[PDB]
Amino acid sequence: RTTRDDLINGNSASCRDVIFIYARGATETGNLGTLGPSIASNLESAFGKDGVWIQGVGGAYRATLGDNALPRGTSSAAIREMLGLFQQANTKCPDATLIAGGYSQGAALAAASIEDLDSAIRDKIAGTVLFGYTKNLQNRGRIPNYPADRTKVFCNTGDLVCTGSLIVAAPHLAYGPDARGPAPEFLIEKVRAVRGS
């Protein structure tokens, strides 16, 4: 299903070890959209249902297509919403390892949020995956203030948003295989690198 609010609904007395916060692309449904559920099922298989909390960015994030043209590639209200979720994870589950991801506008949102996040929380994000990263060229494939080794960008050849454009071509809608395999593989590897087991 396209809606997951595990962090908001979760009991602090029984925090998951891993918390995944994900932002969907433009016009997508629920708070996970088309790629989020595939990543979620694979994380659940690796850490178990009670070992990982899946949280989509909903609330003020309406994933409005036109917001791709704003300075940071998304709206201020959306950034405030995602920042709030990272802050809620940090207070509710101080010992949890965080992971994040975003697709299209959601990738710009993830990058903007992580850049603004206070360092103590940002440093808890073991890995971040970005699909069809709209600010790929502008940010030179990086998320500002965040290490390259913890970042994985999936940008298809021919996906114009990865080369500085806002045009949506067919390759931008072809990240399904990545969400099913390499993306969760990267996230799992980065969590295990710091948590062991």
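Position 1 is the first residue in the sequence shown; the rest follow in order.
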Once average C-alpha B-factors are taken from the entry for 115-123 and 94-102, the winner is 115-123
Mean Cα B-factor check, 36-44 vs 163-171, entry values; winner is 163-171
Highest CA B factor of 54, 60, 155, 129, as deposited, is found at 60
Based on the PDB entry, the highest CA temperature factor among the options 64, 136, 145, 151 is that of 145
Tertile call for residue 74 (CA temperature factor, within chain, third-based) is the lowest
Sorting the chain's modelled residues by C-alpha B-factor and splitting them into thirds places residue 10 in the highest
So, residue 68's CA B-factor, relative to its chain, sits in which third? The highest
